[PDB]
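Undergrad: sequence first, structure after; it's an experimental one.
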Amino acid sequence: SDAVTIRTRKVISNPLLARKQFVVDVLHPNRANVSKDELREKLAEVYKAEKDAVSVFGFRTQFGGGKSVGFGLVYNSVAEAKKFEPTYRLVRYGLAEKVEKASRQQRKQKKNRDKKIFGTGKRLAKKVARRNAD
Amino acid sequence: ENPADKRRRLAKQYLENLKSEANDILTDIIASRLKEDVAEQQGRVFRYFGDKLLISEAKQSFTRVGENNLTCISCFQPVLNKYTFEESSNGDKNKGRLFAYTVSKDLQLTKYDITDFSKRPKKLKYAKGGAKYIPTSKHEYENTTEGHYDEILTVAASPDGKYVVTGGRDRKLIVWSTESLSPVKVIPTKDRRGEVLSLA
Amino acid sequence: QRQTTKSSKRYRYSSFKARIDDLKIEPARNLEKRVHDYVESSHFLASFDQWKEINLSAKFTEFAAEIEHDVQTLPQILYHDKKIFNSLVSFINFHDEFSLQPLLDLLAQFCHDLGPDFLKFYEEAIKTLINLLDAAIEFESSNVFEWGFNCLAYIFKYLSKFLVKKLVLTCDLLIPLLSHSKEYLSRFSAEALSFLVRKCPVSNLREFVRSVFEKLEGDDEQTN
Amino acid sequence: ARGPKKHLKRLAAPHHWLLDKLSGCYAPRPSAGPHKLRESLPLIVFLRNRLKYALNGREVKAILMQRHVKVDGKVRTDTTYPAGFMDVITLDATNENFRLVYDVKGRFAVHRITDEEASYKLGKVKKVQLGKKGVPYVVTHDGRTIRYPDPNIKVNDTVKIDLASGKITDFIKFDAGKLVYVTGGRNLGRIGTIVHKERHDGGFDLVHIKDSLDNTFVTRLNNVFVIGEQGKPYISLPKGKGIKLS
Amino acid sequence: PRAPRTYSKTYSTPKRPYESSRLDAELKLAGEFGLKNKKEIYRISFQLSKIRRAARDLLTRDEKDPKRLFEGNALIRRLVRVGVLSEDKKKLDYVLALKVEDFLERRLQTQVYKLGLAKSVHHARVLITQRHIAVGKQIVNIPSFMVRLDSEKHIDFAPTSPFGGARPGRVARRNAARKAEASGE
RNA sequence: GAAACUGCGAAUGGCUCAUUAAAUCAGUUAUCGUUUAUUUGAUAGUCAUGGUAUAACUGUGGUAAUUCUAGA
């Protein structure tokens, strides 16, 4: 009934990037929106590669459905992938971990505060501590 | 015990057969045979027997059958593989039994043995449809009647020697086992005019 | 003091000597979905199509032209065994690093396919290989060191039984490179023959170890 | 502005660069270097928009840190390195060379180039002078400053330079009936042999050029760049051979 | 700042906003081709005005002038590629002779009504907005496609449509559900 | 690797057209009448290596207060 056929086009090796770039064309008739994890699985099997070294992104199901086209990448190993990929995609594939931080606002006003702060400031802290003691 | 060792052993038997056949034709060429295997795997027109044929002595034999209005026939010829070395046939009792599968407008598929070139094709088995496979709904995508009910037209044996597919004017593709001729699956075309013309 | 506290940036300078100090060999202490270990038409052919995808170096492309004209199957390997090996060693002494990684890989899988009958090739392969190691010492590539010693451990894993039967000769083939005055060359060859030592059985162990004792008293001068 | 600008609009780019209006508001402002501003090409636009091998600045930046490509043997790590006409681009991991050379379409043009052709490069000597301690020297069109040349050479003269030594391989003078490339102007890229030169004292001297279809046109000497003799180019030429058609 | 994305109003109002003859023209053509909008009429007539304007420009231009030859060739080939201008009518007088009724025919809702896949032109526009017919392989729910010749040969029902393809709709399945429920009750 | 010293940037970007009628602007010059940090390419034969410091920091302080500071 439904057969997810994962096809490629325009395959170029980038040994400078130590990878292969290709346009992915998915046919999923009687089906909608297969997940990129499974696509990376099948592609890693097809290219005899490892899913972590495989990366797929930017997918668009056509008008109506049944067929989706996006873009995929496979580095020559996990080391290439880890050294080359954007960190949000690494987190998206779970390879990296999502960093936690203050917001851009908290960081901005924090930088502004510390920028008005001069020096290391522990001497200042002791001075204001004893001045409040005064 | 190792698969690479077993592959090499099959290759050793293969080259032994190659060198003994070379000695037979003698009573370079081995690598030519290897390149012939590669050309079989992929190549242009290489089989050049267009002059060795003896057409004036070609023995002719017509075989009248009881079934009427034969539509198609599919010959299965098992060949020895190049990458692996068992066979292209599935079973052991086959051992390269040359098979024929004829479909006729009397809704009948018939398998024959044609393993000998002097004898006549032997009617091994058969399977005939009928009007009891007439479907109940007649207006839906479901056409899963296990037999054909109208005007079979074309047949194709799978190259693995496991299955045979049949299609006809009942807009269905029933694939069957090749031994019991049991319908292992049936694919409706899900159409009103999606009638099966020819298979490949 | 080495670098113990990892900074946040993605890219360390990572000098060659540090690379050497961090490098190890054993693929069994490693592992992966190896393509030759993954598709089972032929290991050499699988590695060859893989590197025909991967490598773009003129040395390897001329090599691949010749070999993709020559061999397409395991009987073609068994027939044209010598010629493909001579072309292999030809490009091997043509010395192109970009081709040296895939050619070493095809050397490894070529032995894995041709096991028990390879030893006649394998001896002068050892010779040309240790020549290539000296060439890398003239060069400066931890990658080339890694590829060569990985190929060495590969051939050891592939041809273990004949070499544990003929162990002390394989030691002799590497003694000038074991006694070569480079600590890391000695270290890598020690790791590979150490794998072989842990593989070898007891009679050949006592024999080989006693002969090593006499070889020590012969080269009593050398400390490396 | 109270100084120079670091910024380059989308529409402010030269038209031959063939860069779309919509994938940016900004073009990468090329750094200073050999060539001048409008007749150059940044390497990231070269790679991403022609070779398509990278798609992002982080990618091509990582490549430059990976130290791959050598322009005339020298690696740059500048993204917006001003690559201009008649340039040698060396690709190690892909094992290629590339002559950057103008298009028949008035654009630039990559050329697949072998190592022997990449070993040298061409150059229009634009000014010969006598330096301090009476040293004679030349500066080319690509900014190559070469001491002690052959005395017969003058300004605007074509010179084959081996890049491997950075040395004067040989030279080619400025005569009528020499094969000439046209670098700028409306008719740039149209390779032809010079008919002659209308000369003006102190004025922009015009040049009459006839190409293989016996078609004659007139450009300025600045656009004029001699290649070689008749049927004798020192370089390999791309398809079309610099010929305008309908 | 950015680049101004270029755009256009696709139509123009007529000169006299009220005239009986043109009003009956519009009513006849609208109820003829199942249409709905004066603005659509203004779109198609604006296209014809532009095209035959440029055609007259080419007519005023001199024969064998390569610009005239080039532009006439391009216009004619685009017309016949749509399927408006005919093969025998490959000259500029016929280009002047082309008409909004031909364009309304070359419109898709007209064409599928000719194909008889709906009882009405309006019924065809209904099926169009139900998305039950795909052109070639592409599903289109726009009745004003202006197809080409290969594509009008390639008109067919949608394989996802309950008519020329997939399972019946929600109404049929819910009525079958209530009917199975009532029969099992 | 905080801080601090040192380097460079911070003379672009963004916002507006108050002013301004041969002024700008536009085209067309030219500087053999100017300088150019930077890029790039060349470019120098003509003590087994002095000293001064000061930040950061330690410690005492001022005030109503500031990205203030003083003494050491």
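TA: Everything's here; your move. Numbering: from 1, shown residues only, chains lettered A, B, ... in the order given.

Undergrad: next up, the contacts around residue D:212.
TA: Residues in contact with residue D:212 (C-beta atoms under 8 Å, 6 or more residues apart in numbering or on different chains) are D:192, D:241, D:243. From N, CA and C alone the C-beta is placed, and that goes for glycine too.

Undergrad: what does chain B have sitting close to chain E?
TA: With C-beta under 8 Å from any C-beta of the partner chain as the criterion, chain B meets chain E at residues B:141, B:190-192.

Undergrad: now, which of those sits nearest residue A:23?
TA: Comparing these against residue A:23 with C-beta to C-beta places residue B:190 closest, at 30.1 Å.

Undergrad: picking that back up, highest neighbour count among the contacts of residue D:212?
TA: Counting neighbours by other C-beta atoms under 10 Å in any protein chain shown, residue D:192 leads those with 25 neighbours.

Undergrad: for the contacts of residue D:212, which one is nearest residue D:38?
TA: Among these, residue D:192 lies closest to residue D:38 (C-beta to C-beta), at 23.1 Å.

Undergrad: quick revisit: filter the residues of chain B next to chain E down to the buried ones.
TA: By neighbour count, with 16 or more other C-beta atoms under 10 Å in any protein chain shown, those hold residue B:190 as buried.

Undergrad: which of the residues of chain B next to chain E fall in strands?
TA: Cross-referencing the residues of chain B next to chain E against strands under DSSP state E gives no overlap.

Undergrad: distance to residue B:116 for the residues of chain B next to chain E - can I get that in a markdown table?
TA: Output for the residues of chain B next to chain E, formatted as a markdown table (distance: C-beta to C-beta, whole Å):
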| residue | distance to residue B:116 |
| --- | --- |
| B:141 | 45 |
| B:190 | 43 |
| B:191 | 42 |
| B:192 | 46 |
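
Undergrad: tell me the contacts of residue C:192?
TA: Contact analysis of residue C:192 by C-beta under 8 Å, 6+ apart lists C:25, C:149, C:152-153, C:156.

Undergrad: which among the residues you listed end up buried?
TA: Buried by 16+ other C-beta under 10 Å: C:25, C:149, C:152-153, C:156, out of those.

Undergrad: once you drop chain neighbours, what's closest to the residue nearest the centre of chain B?
TA: Nearest to the geometric centre of chain B sits residue B:76, at 2.4 Å (C-alpha atoms, centre = their mean). Distances taken as C-beta to C-beta, 6 or more residues apart in numbering or on different chains place residue B:99 nearest to residue B:76, at 4.0 Å, with adjacent residues excluded.

Undergrad: residues near that neighbour, how many?
TA: 23.

Undergrad: how about the one 4 residues further on?
TA: When neighbours are counted by other C-beta under 10 Å, residue B:103 registers 25.

Undergrad: now the spatially closest residue to it that is not a sequence neighbour: phi and psi?
TA: Nearest residue to residue B:103, sequence neighbours excluded (C-beta to C-beta, 6+ apart): residue B:155, at 4.3 Å. Backbone torsions for residue B:155, taken as degrees, to the nearest 10, come to phi -140, psi 150.

Undergrad: go on, residue E:59?
TA: The phi/psi pair for residue E:59 (degrees, to the nearest 10) reads phi -60, psi -40.

Undergrad: likewise residue E:67?
TA: Note on residue E:67: backbone dihedrals following degrees, to the nearest 10 are phi -60, psi -50.

Undergrad: surely it is in contact with residue E:61?
TA: Yes - applying C-beta atoms under 8 Å, one finds residue E:67 in contact with residue E:61, separated by 7.0 Å.

Undergrad: tell me which of the two has more neighbours.
TA: Just comparing residue E:67 and residue E:61: by other C-beta under 10 Å the higher neighbour count belongs to residue E:61, 13 against 10.

Undergrad: looks to me like residue D:127 is in a helix.
TA: No - under DSSP: H, G, I helix; E, B strand; the rest coil, residue D:127 sits outside any helix and is assigned strand.

Undergrad: tell me the contacts of it?
TA: Neighbouring residues of residue D:127 by C-beta under 8 Å, 6+ apart: D:138-139, D:155.

Undergrad: cool, residue D:38 as well?
TA: Counting by C-beta under 8 Å, 6+ apart, residue D:38 makes contact with residue D:14.

Undergrad: likewise residue C:205?
TA: Per C-beta under 8 Å, 6+ apart, neighbours of residue C:205: residue C:197.

Undergrad: measure it to chain B for me?
TA: Separation of residue C:205 from chain B (C-beta to the nearest C-beta, to the nearest Å): 25 Å.

Undergrad: same question for residue A:5.
TA: Noted for residue A:5: a distance of 16 Å to chain B, by C-beta to the nearest C-beta.

Undergrad: now that residue, nearest residue through space, not along the chain?
TA: Computed as C-beta to C-beta, 6+ apart, the closest residue to residue A:5 that is not its neighbour in sequence is residue A:27, at 4.4 Å.

Undergrad: can you give me the neighbour number for the one you found?
TA: Neighbours around residue A:27, by other C-beta under 10 Å: 15.

Undergrad: same question, residue D:93
TA: 19.

Undergrad: correct me, but it touches residue D:68?
TA: Yes - Residue D:93 is in contact with residue D:68 according to C-beta under 8 Å; the separation is 6.2 Å.

Undergrad: and for these two, which residues touch both?
TA: The contact sets of residue D:93 and residue D:68 overlap at residue A:16 (C-beta under 8 Å, 6+ apart).

Undergrad: can you map out the strands along chain E?
TA: For chain E, strands defined by DSSP E occupy the ranges E:133-135, E:138-139, E:155-157.

Undergrad: other residues contacting the first one?
TA: Think strand E:133-135. Outside strand E:133-135, the residues touching it (C-beta under 8 Å, 6+ apart) are A:64, E:108, E:112, E:117, E:127, E:139-140, E:145, E:147, E:151, E:154-159, E:161, E:164.

Undergrad: stretch C:38-48 too?
TA: The contact list for stretch C:38-48, computed with C-beta under 8 Å, 6+ apart, reads A:48, B:3-4, B:7, B:83, C:35-37, C:64, C:67-68, C:71-74, C:77, C:102, C:105-106, C:108-110, C:112-113.

Undergrad: hmm, which of these are the buried ones?
TA: Among the contacts of stretch C:38-48, those that count as buried by neighbour count (16+ other C-beta under 10 Å) are A:48, B:4, B:7, C:35-36, C:64, C:67, C:71-74, C:77, C:102, C:105-106, C:108-110, C:112-113.

Undergrad: so how far is residue B:74 from the residue sitting nearest the centre point of chain D?
TA: For chain D, the residue nearest the mean C-alpha position is residue D:85 (1.6 Å; C-alpha atoms, centre = their mean). Residue D:85 sits 65 Å away from residue B:74, going by C-beta to C-beta, to the nearest Å.

Undergrad: residue C:185 versus residue C:136, what's the distance?
TA: 9 Å.

Undergrad: again, but for residue D:84
TA: Counting by C-beta to C-beta, the separation of residue D:84 from residue C:185 is 47 Å.

Undergrad: now residue E:109
TA: According to C-beta to C-beta, residue E:109 and residue C:185 sit 81 Å apart.

Undergrad: is whatever residue of chain A ends up closest to chain E within a helix or a strand, and which one?
TA: Nearest residue of chain A to chain E (C-beta to the nearest C-beta) works out as residue A:64 at 4.3 Å. For residue A:64, there is no host helix or strand (DSSP states H and E).
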